[PDB]
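**Student:** just to be clear, this is only the beginning of the complex, oriented as in the whole thing:
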Amino acid sequence: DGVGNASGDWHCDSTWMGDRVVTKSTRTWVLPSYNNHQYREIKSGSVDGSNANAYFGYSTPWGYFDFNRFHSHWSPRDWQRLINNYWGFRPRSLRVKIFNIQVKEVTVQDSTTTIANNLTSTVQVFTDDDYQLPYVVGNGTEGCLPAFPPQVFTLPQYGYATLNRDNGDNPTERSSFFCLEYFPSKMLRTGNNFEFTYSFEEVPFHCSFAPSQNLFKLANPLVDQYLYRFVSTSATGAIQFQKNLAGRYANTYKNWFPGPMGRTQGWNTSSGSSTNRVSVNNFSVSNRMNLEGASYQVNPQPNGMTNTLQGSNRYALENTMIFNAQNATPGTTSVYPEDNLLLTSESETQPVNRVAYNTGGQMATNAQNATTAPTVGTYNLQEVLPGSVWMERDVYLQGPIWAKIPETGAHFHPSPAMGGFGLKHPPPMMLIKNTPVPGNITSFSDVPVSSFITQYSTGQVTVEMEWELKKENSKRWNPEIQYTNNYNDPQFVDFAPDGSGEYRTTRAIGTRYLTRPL
Amino acid sequence: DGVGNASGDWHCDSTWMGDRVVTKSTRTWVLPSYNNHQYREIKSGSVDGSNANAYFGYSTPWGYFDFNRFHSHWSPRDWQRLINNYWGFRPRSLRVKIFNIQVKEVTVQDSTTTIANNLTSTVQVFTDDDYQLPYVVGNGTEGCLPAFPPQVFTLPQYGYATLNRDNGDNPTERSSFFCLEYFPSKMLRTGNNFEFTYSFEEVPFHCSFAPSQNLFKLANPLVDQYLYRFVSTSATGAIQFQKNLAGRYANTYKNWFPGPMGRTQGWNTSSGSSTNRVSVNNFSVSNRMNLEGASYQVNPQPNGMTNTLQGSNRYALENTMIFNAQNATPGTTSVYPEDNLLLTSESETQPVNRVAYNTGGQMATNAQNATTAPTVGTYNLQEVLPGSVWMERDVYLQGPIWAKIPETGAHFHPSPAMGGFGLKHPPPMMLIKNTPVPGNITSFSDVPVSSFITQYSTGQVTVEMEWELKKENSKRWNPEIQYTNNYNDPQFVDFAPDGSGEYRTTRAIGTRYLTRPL
């Protein structure tokens, strides 16, 4: 529209209206000119002695907007209002708007770097509505809209891995190259803006409640069962039985079973670090799955287990989501102690989910005879069974919202391991790049020009999300557990900027506070 | 319209809808100020000892848009979809749009070259709708829209040759000077755009199929002909005959004949380079035609021949289209081996077209008597004959689309030798130039000002083409040959950018894969 007219306003807000809540976030972004306007074939061989690290892909000159983290939409107080009062929620719609674009020309001379705006430069933007591009958004990576509204952020560079040959850095006949310029995109000069809208598919509500009953103790503790159980064999081999008494939950017949489990090693946090094995390199003794001839770690394991047992300091670390308390630099290889990190605990699900670091149980391992005694053996892993129930991983304020279900034609219970909503058609990738501007070209050449004017753009982005809420409807008499701002002798305010302006966050806030009977 | 408003979007796409396909390409161009806004008389005498190299012409300050190459419109995958599934295609319409123009002012001081935009500068654009200018677009020259969408390209400078005297660098009384400013053109400042539309004349479909029958073996191999042939003369001179038997194709009467041929030398590619004559300079022993007192090479010869014989490594190089695997610099005189180039093979047409490096046949060369024996002599060249059939040259992904038929009032079978569609009224030349901006002129002078501010412009160009397709309609039972992405132990992806960002292409992709009986 115009150089001296704003193409949009600043909208950050939450509006609660019954069973709906609309969140609005606006952030300032900055887009670098990645790769110098070129596509590059990126590849890697075996790194750290693991050929599962090998890949073949492409880095593109495009950047992308990632809105896949709860804190990009929810302030800590609104999150508290959500988890203390509702049984569940789910995304309904999304509206994105990119505006107030500013393209800057950078010029370095002799020890001098000036910056001036280029009023005629454009920025290109498109959304991948048909999912024709490798969707890299739901894999727990950096670059999402920052939690704290005033924080300015750089858009991450779009890249992808395709097929590599024999766990090496070579491509195969099936490796695919995708050209992002081969999509129709809108071009924006300083007065133009871009708007996009999207609606989520019917997805089940995330469960924001913990069970107030144990799965194996659902029977009335005052009445016996009209069922009998084999208890022994007489001195002559006659089978003997007894009635299952009231309250003896170790013996009652069960109708339902706990979800699938796969044993993972348990480690003690600090209080119990003296009981941990010393100097052990976890990779060699970790849970791994094989695929195409290589072994990959599979944290945080499939859903169905609890990583800790409420009241203990032992964690099944590979079944745990681990966040940094602060934003880290790219490529850091420092070894962090637990004092800098935020460990998540899924102990609220222990009345239903089995403990990840213990054996799942025991089964018969032979045929009993008058000469051979009955034998049992414990099992470390057990997959899904008919009539089994479990609770999915909880969502966190600083964790992912959705994940795209891989299109293969066959899947089971499409719920991403890192938590969130599994979607067949998630919010489309929104790509953006600075349109190239050639330097001073005087003569002709059939070779593509390589000399460009260095630029970078900036602007604002606003994301509006409507969420549907599930009202709590309990008849519990006594008070419930609530997430509360409880600190003893605070030296600073959590979820607030400190003296240096840095946003501080000392806790990973889950969703499970309210209870429900089974 | 405005400085801060984009005058167009980015459209790159292909849309298949039945018997039609619409291709859209957008590229970024850069236009240098050629000649410093002046027209120059360019001329040359005899170069490399050949006066066919002499010419007299004009270089203009204009540049031009060339869209005459298939890869400027077709991605490699769309081309594969085209050649594996259709029997033919042809251009129907064209729409061109030039937008987002940016004029840059260049200023060099003391060891410093700054670049700033000039918001008031214009660019001039016009199309030669009536074909009043020398059409230089369909002669296999550089400067077309690049194959890979993200590649920025420089527009080539418009120039032409007119008549020269006695194969020298002097003009004749008939030499014509054409002033491009003597045409009405649109002037564009940064907010303006230019659009042009055009429709192709009814042209025959290009044939994207190879014959699955040989021209001389069209007769049923199970039935004899009711025709007899002269086989000999008795010991007393009586002529003798025999019936033409079933399957003896060397003797059957024919109804049709192969197209015209003109013998060209054959050379062996690498596998057979030890059988090639050594150290031979091809110019002296090449196929040449004379015109106006000078001899010119006439590659790739007229249509009607096959340059190779499927199953051999010998090529009739002068009857072959040879492309570079990559874009080359202007004026390079390096001697390339076949390892850097892409040789095209027309062997699919061998069941119908005669082999370019063999003799065409033999005919009687005397009058037989009781004293003189019948004599025959082979012929190296043979032009068109009634009842002859042949296949035109195939089109390539990296080759020309059309050629303008020279207006002389008399021509035969207007099909360009380099392949493509022969047009009487092809897409008009689209010329563009940077409008001159005088430097600081203080006093008056009747002499045209020579001091100008140095500028260059850039923008985007989008070309939309509609193609008409001819559906394949075969009853062949067994599978057909298809173009396929087949490489053994690939070190990189063909038709993809490599590690340095360079677009790689290791193969010239033709059009002949499907078969048809004659």
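**Tutor:** That came through, no problem. Numbering: from 1, shown residues only, chains lettered A, B, ... in the order given.

**Student:** can you list phi and psi of residue A:411 for me?
**Tutor:** Backbone torsions for residue A:411, taken as degrees, to the nearest 10, come to phi -150, psi 160.

**Student:** next: residue A:336.
**Tutor:** phi -90, psi 140.

**Student:** check contacts around it.
**Tutor:** For residue A:336, the contacting residues are residue A:324, by Cβ atoms under 8 Å, 6 or more residues apart in numbering or on different chains. Every residue, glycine included, has its C-beta placed from N, CA and C.

**Student:** quick one: it from residue A:95, how far?
**Tutor:** The gap separating residue A:336 from residue A:95 is 38 Å, by Cβ to Cβ, to the nearest Å.

**Student:** got it, and residue A:325?
**Tutor:** From residue A:325 to residue A:95 the distance is 32 Å (Cβ to Cβ).

**Student:** ok, and for stretch A:441-452, which residues are buried?
**Tutor:** A:441, A:444, A:445, A:446, A:447, A:448, A:449, A:452 (16 or more other Cβ atoms under 10 Å in any protein chain shown).

**Student:** quick one: which of those residues sit in strands?
**Tutor:** Secondary structure from DSSP state E places none of the buried residues of stretch A:441-452 in strands.

**Student:** restrict the residues you listed to those near chain B?
**Tutor:** A:441, A:444, A:445, A:446, A:447, A:448, A:449, A:452 (Cβ under 8 Å from any Cβ of the partner chain).

**Student:** export these as a markdown table, with columns for distance to residue B:106.
**Tutor:** As requested, these are exported to a markdown table (distance: Cβ to Cβ, whole Å):
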| residue | distance to residue B:106 |
| --- | --- |
| A:441 | 10 |
| A:444 | 17 |
| A:445 | 18 |
| A:446 | 23 |
| A:447 | 21 |
| A:448 | 20 |
| A:449 | 15 |
| A:452 | 15 |
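
**Student:** OK, contacts around residue A:59?
**Tutor:** A:34, A:35, A:39, A:40, A:42, A:157, A:158, A:159 are the contacts of residue A:59 under Cβ under 8 Å, 6+ apart.

**Student:** here's chain C, drop it on:
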Amino acid sequence: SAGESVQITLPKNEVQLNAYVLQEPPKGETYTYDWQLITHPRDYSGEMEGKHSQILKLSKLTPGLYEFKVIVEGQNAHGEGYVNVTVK
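**Tutor:** The block that follows adds chain C to the chains above:
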């Protein structure tokens, strides 16, 4: 750049860190050091005294990892060092 790492334990925590740079300039030319705490324990409150000096003083250091980045620049000569501090 360098990467010096230090370590401390027990209750004591207050510590000071100096800054060493190669190609030392003349007395007439002094650099303006600058320290940035890029990593620290989630519990860290502490204070940084003398950031623009050669010695950065740290107090109230709780157990964990601390990452500093001292940048030493002058007349046509930019530089910077890295230091890791681990408290048990």
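
**Student:** again for the contacts of residue A:336, since chain C is there now?
**Tutor:** Counted by Cβ under 8 Å, 6+ apart, residue A:336 has contacts A:324, C:65.

**Student:** measure it to chain B for me?
**Tutor:** Counting by Cβ to the nearest Cβ, to the nearest Å, the gap from residue A:336 to chain B is 34 Å.

**Student:** kindly report the same for residue A:62.
**Tutor:** Counting by Cβ to the nearest Cβ, the gap from residue A:62 to chain B is 10 Å.

**Student:** isn't that residue right up against residue A:180?
**Tutor:** Yes - using Cβ atoms under 8 Å, residue A:62 makes contact with residue A:180 at a distance of 5.4 Å.

**Student:** those two - which one has more neighbours?
**Tutor:** Legend: neighbour count by other Cβ atoms under 10 Å in any protein chain shown for residue A:62 and residue A:180, higher for residue A:62 (25 against 22).

**Student:** quick check, the more buried one in a helix?
**Tutor:** No - assigned with DSSP: H, G, I helix; E, B strand; the rest coil, residue A:62 falls outside any helix and is strand.

**Student:** just to revisit the earlier point, overlap in contacts, residue A:62 and residue A:180.
**Tutor:** Joint contacts of residue A:62 and residue A:180 (Cβ under 8 Å, 6+ apart) are A:158, A:431, A:433.

**Student:** is it correct that the second one is in contact with residue A:64?
**Tutor:** Yes - between residue A:431 and residue A:64 there is a contact at 5.1 Å, judged by Cβ under 8 Å.

**Student:** touching both of those two, which residues are there?
**Tutor:** residue A:158.

**Student:** now do whatever residue of chain C ends up closest to chain B against residue C:31, distance only.
**Tutor:** Closest contact between chain C and chain B, by Cβ to the nearest Cβ, is at residue C:76 (19.1 Å). Here the criterion is Cβ to Cβ. By it, residue C:76 lies 12 Å from residue C:31.

**Student:** tell me which of the two has more neighbours.
**Tutor:** residue C:31 (19 against 6).

**Student:** while you're at it, add chain D from this line:
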Amino acid sequence: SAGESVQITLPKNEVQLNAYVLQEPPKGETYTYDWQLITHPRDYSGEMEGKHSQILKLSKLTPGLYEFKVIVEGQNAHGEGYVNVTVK
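**Tutor:** Let me put chain D in with the others:
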């Protein structure tokens, strides 16, 4: 500019190329060489090690023509050389 051309045959292919420029500067002034492969066989995959150095190392060289363009510049003195490599 110059135009040195080299040639090699047999299976061996890995080769290194140096850079020579006239008007050599003092020890205190070193140039920042830059090599660009402007021409190579359509089959070439290879790698270029030490582009910004005086010696550019080449490996996995398949038969064909290779055109390089080494540009040597310094304080008020731009230059460049050309080299052709032919593998049989």
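
**Student:** now with chain D: the contacts of residue A:336?
**Tutor:** Contacts of residue A:336 by Cβ under 8 Å, 6+ apart are A:324, C:65.

**Student:** ok, and the closest non-adjacent residue to the residue nearest to the spatial centre of chain A?
**Tutor:** Centroid-nearest residue in chain A, with Cα atoms, centre = their mean: residue A:400, separated by 3.5 Å. The shortest distance from residue A:400 to any non-neighbouring residue, by Cβ to Cβ, 6 or more residues apart in numbering or on different chains, is to residue A:420 (4.8 Å).

**Student:** residues in contact with that neighbour?
**Tutor:** When contacts are counted by Cβ under 8 Å, 6+ apart, residue A:420 touches A:138, A:206, A:395, A:399, A:400, A:401, A:402, A:403.

**Student:** again with residue A:108
**Tutor:** A:114, A:454.

**Student:** what bridges to it?
**Tutor:** residue A:113 (DSSP bridges).

**Student:** give me the distance between it and chain D.
**Tutor:** In terms of Cβ to the nearest Cβ, residue A:108 sits 16 Å off from chain D.

**Student:** CA atoms only: put stretch A:76-91 into PDB for me.
**Tutor:** Provided in PDB are the C-alpha atoms of stretch A:76-91 (Å, rounded to 0.1, in the frame of the first residue of the first chain):
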ATOM      1  CA  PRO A  76       2.600 -18.600  31.900                       C
ATOM      2  CA  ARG A  77      -0.400 -17.200  33.700                       C
ATOM      3  CA  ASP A  78      -2.900 -18.200  31.000                       C
ATOM      4  CA  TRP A  79      -1.300 -21.700  31.100                       C
ATOM      5  CA  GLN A  80      -1.900 -21.800  34.800                       C
ATOM      6  CA  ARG A  81      -5.500 -20.800  34.300                       C
ATOM      7  CA  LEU A  82      -5.800 -23.600  31.700                       C
ATOM      8  CA  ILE A  83      -4.300 -26.500  33.700                       C
ATOM      9  CA  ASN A  84      -6.000 -25.700  37.000                       C
ATOM     10  CA  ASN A  85      -9.500 -25.500  35.600                       C
ATOM     11  CA  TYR A  86      -9.900 -27.700  32.600                       C
ATOM     12  CA  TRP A  87      -9.900 -31.400  31.900                       C
ATOM     13  CA  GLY A  88      -8.600 -30.900  28.300                       C
ATOM     14  CA  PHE A  89      -8.200 -28.800  25.300                       C
ATOM     15  CA  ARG A  90      -7.500 -29.000  21.600                       C
ATOM     16  CA  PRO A  91      -6.600 -26.700  18.600                       C
END
